[PDB]
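First comes one chain, alone, set out as structure tokens in the form deposited in one PDB entry.
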């Protein structure tokens, strides 16, 4: 598929950076014709067929295809796509309240009500994606953004569909692998992946939300991955002594090695800690 090749600077003015990654830079922008603001994600393209730098056209097209399909309050929306010889430029909905990651660092850890307030929205967003047979594969606090960080109950949106894939056959067997602290054992072991990987990630996020601590984090990436594969985590009393047994139950049913035995998104929404 080809995208709009007009100079993006002809239709938009850019401003402050809102994110810098390995192969992408995100800048706030304003459309000249409407005055509306967006986030422009500039993704560097591969310069040669077998280059290691940049994102393959195949990967960019998949991301765009998934983004064009989604419309839900808890997921980011794609406005337009531009491209030139060096980059693909995604004009995305602006989410200006910062990362759930930064908010978490500002509070240390959340109460169960605050954690379930965020978690319910994450679950709703993932329920939408899974309903569409879309696995995100990169769920973590950095990829959760608040619309407004200064309200008592912030609204959140899931971002960064860079690793997302359609799962038409129940599983996918490809070069997929995100951040060690949040990836499921099946990712670590290079096994077929499905929607269940996202449910493990949610378990990790939930543990972090309640404690301020990462459950499998080691001193090196390889140690983290090893901990994940062995399901080497525990609820430290120092952090969980006043956490409800039901909250721990929820986490325990997500941090299960066998994907077939892990709670599904539907089960998570019916779990007693979540179900109102």
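Numbering follows the first chain given and starts at 1. Here the rigid core means the biggest group of C-alpha atoms that line up within 1.5 Å when the two forms are laid on top of each other.
There is another form of this protein, the form deposited in another entry, and it is not shown here; the text below is about that form.
Quiz item: residue 101: with the rigid core matched between this form and the one not shown, does its Cα shift 2 Å or more?
Solution: For residue 101, whose C-alpha is compared between this form and the one not shown after core superposition, the shift is 2 Å or more.
Please say whether, between this form and the one not shown, the C-alpha of residue 171 moves by 2 Å or more once the core is aligned.
After core superposition, the C-alpha of residue 171 moves 2 Å or more between this form and the one not shown.
- Is it true that residue 71 shifts between this form and the one not shown by 2 Å or more at the Cα, once the core is aligned? No, residue 71 moves less than 2 Å.
Once you compare with this form, do the C-alpha atoms of residue 170 and residue 135 lie closer or farther in the other entry, given a change of 3 Å or more? Farther apart, by at least 3 Å.
Relative to what we see here, could you say if residue 258 and residue 174 have their Cα atoms closer or farther apart in the other entry, with a change of 3 Å or more? Compared with the form shown here, the C-alpha atoms of residue 258 and residue 174 sit closer together in the other entry, by 3 Å or more.
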